[PDB]
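In structure tokens, one chain follows: the form deposited in one PDB entry.
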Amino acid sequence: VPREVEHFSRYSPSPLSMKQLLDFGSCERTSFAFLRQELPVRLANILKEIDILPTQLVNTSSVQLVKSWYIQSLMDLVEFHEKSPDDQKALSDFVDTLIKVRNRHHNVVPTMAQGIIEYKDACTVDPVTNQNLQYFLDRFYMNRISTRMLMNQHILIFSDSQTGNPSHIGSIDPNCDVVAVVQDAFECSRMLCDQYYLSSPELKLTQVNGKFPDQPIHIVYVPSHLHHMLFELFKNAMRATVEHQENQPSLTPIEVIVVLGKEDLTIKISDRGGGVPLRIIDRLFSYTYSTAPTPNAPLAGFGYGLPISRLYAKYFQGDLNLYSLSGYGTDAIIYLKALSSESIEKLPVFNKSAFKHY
């Protein structure tokens, strides 16, 4: 283990709120000062943790690759430790380095998932029931969600060439039109559903602005994250509805209700897709668990939709739960904090405690 990894793994990650992230777009040297220290801390924490996985898994070429990438990115960032935040050239080179790191990590999720599979056929193992593997993957993916979020925020606000969405500050939409994201995600799921079944359920949507009656619903949020969650939940609800009702003349719609309360934004997605036994609910949330075979774009198969969507919801202190009525249908519920100041990063830390779980 490189001394840099050992050293920086000693610190605990420092979570930011969405408000703080927005404010970076309200100087560059402040974001530079924070990130050149924080990214190595987050990378070092997860690198130490990778060094605990089963010999058989850590040795998969896929995991070894991811490990090599994170180490290099860590080194690239630490090289900025000497520079002054007032050094304009250093700031520019830092943006270039974040772009390089972002590009290097672009295929991390797919490589790690492939490692899980290079693990299954190269060893005897059930990833679904492997509790340590599940614990690790949640932490590994949350760590990635957080580093990607932080680097993209800096790149999209301060770079010259990458501006992202004009209406966003970084990747954050201060006035996220939730219902619009819902409608977009639904249509994306629908197009996919049609290719697999030549039919798809329609959307029945209701919205209630409890905080401001009859007003459009907006909150500060990361639309790409919201879109991901909804897309995955819609794909699930559509697949279940169509298959459960394939022997019937028509399809019941998917009912969605969007509610804005004083401190929470809640989205409920209900289907009449037959549901699942309460006994199986937790399994649904395990990485790789799927009733479809492991896989242009697959409607189902990866076994990632639920756990990853839940990570996005919990990343800023929200949550995602499934409550099913076996024999009838399922209600999927997303909770998001309605205040940017309470939307604080939920980050895994490598410490005595975490180690105890392993």
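In this text, residue numbers run from 1 along the sequence as written. Superpose the two forms; the largest set of C-alphas matching within 1.5 Å is the rigid core.
This protein has a second form, the form deposited in another entry, left out of what is shown; the following refers to that one.
J.: With the two forms superposed on the core, which of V259, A180, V276, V125 shows a CA shift of 2 angstroms or more between this form and the one not shown?
T.: The one that shifts is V125.
J.: Knowing the Cα distance between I50 and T129 changes 3 Å or more in the other form, does it shrink or grow relative to here?
T.: It is closer: the C-alpha separation of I50 and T129 falls by at least 3 Å in the other form.
J.: At a change of 3 Å or more, would you call the C-alpha separation of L47 and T129 in the other form closer or farther than in the form supplied?
T.: Closer in the other form, by 3 Å or more.
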